[PDB]
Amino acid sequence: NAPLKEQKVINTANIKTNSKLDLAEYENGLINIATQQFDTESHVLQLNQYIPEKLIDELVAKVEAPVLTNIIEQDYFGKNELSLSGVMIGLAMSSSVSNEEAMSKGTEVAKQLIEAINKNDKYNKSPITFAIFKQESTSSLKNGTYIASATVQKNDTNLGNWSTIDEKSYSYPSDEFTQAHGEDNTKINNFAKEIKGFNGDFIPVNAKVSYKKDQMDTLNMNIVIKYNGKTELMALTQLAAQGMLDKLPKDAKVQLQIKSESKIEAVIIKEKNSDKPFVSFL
């Protein structure tokens, strides 16, 4: 008999709201926020130590018309000898609500958790950081993402301001991006040179490129071309798909929308770590 997974996810609220779990993003994004807040280097990570299961059930699974769809708890222990340093809580917010309604629900939910985490006598009054995971819906190609964090100070109970997720973003091409991340800019330039094959004619590529902890996180590219049927557009999606694998960091989320005549005609997606990109047509 081996110790059990102490962090379980509910699927009910996701069904009711047609929201993707996106577990990888929901877990990992929260780990990233932790490393922002302190030098996580040393700490040992444990899951779900202080919030009662019945309470999570209460707040997630027993609501007829839910907005909150999950709660995950990440507890970090560091040092005179290993004890608790901070708690991170990922609150999953449904695809149907706005970012503001997500924040509103966020405040409500967090007050209740602060209250409960403090009644647990094992808890050493460490800072608590709530982060909002804004979910995308089951028919959307985009992944859910973290949109705000708020923290409670050590030995306190009042929740801080909702704060932006540390993320620097860039436009491509831009002088700013080029000086900030030359070698990556060169990679995208190389990418663009691959699709040029679709008779040597240059094809302008536009992009938003965001970074978390200085490495490329997500790369959203757009191209606008003239529609010559599906056959042509297929050949182009293969040239582009391959070029994402050959030229772009595998640990980044890459998206390419192919537009024409005020329409998105195809989208290529290589998710955070995906062995191979997939194509969807309009």
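Sequential numbering from 1, following the sequence displayed.
Peer 1: Residues with no coordinates between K79 and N80 in the deposited sequence, how many: none, 1 to 3, 4 to 9, or 10 or more?
Peer 2: Gap between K79 and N80: 1 to 3 unmodelled residues.
Peer 1: From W162 on to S163, does the model leave out none, 1 to 3, 4 to 9, or 10 or more residues of the deposited sequence?
Peer 2: Missing residues, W162 to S163: none.
Peer 1: Mean Cα B factor from the PDB record: higher for 34-42, or higher for 243-251?
Peer 2: Comparing averages over the C-alpha atoms only gives 34-42.
Peer 1: Of the three thirds of its chain by CA temperature factor, lowest, middle or highest, which one includes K134?
Peer 2: Lowest third - that is where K134 ends up once the chain's C-alpha B-factors are sorted.
Peer 1: Would you mind ranking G200 by its C-alpha B-factor against the rest of the chain and naming the third, lowest, middle or highest?
Peer 2: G200: CA B-factor falls in the highest third of its chain.
Peer 1: Per the entry's values, where does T237 land by CA temperature factor relative to the rest of its chain, in the lowest, middle or highest third?
Peer 2: Lowest third.
Peer 1: Report the third (lowest, middle or highest) to which the CA temperature factor of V60 belongs, ranking only the modelled residues of the same chain.
Peer 2: Middle third of the chain for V60's C-alpha B-factor.
Peer 1: For the chain shown, is the CA B-factor of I258 in the lowest, middle or highest third of its modelled residues?
Peer 2: For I258, the deposited C-alpha B-factor lands in the middle third.
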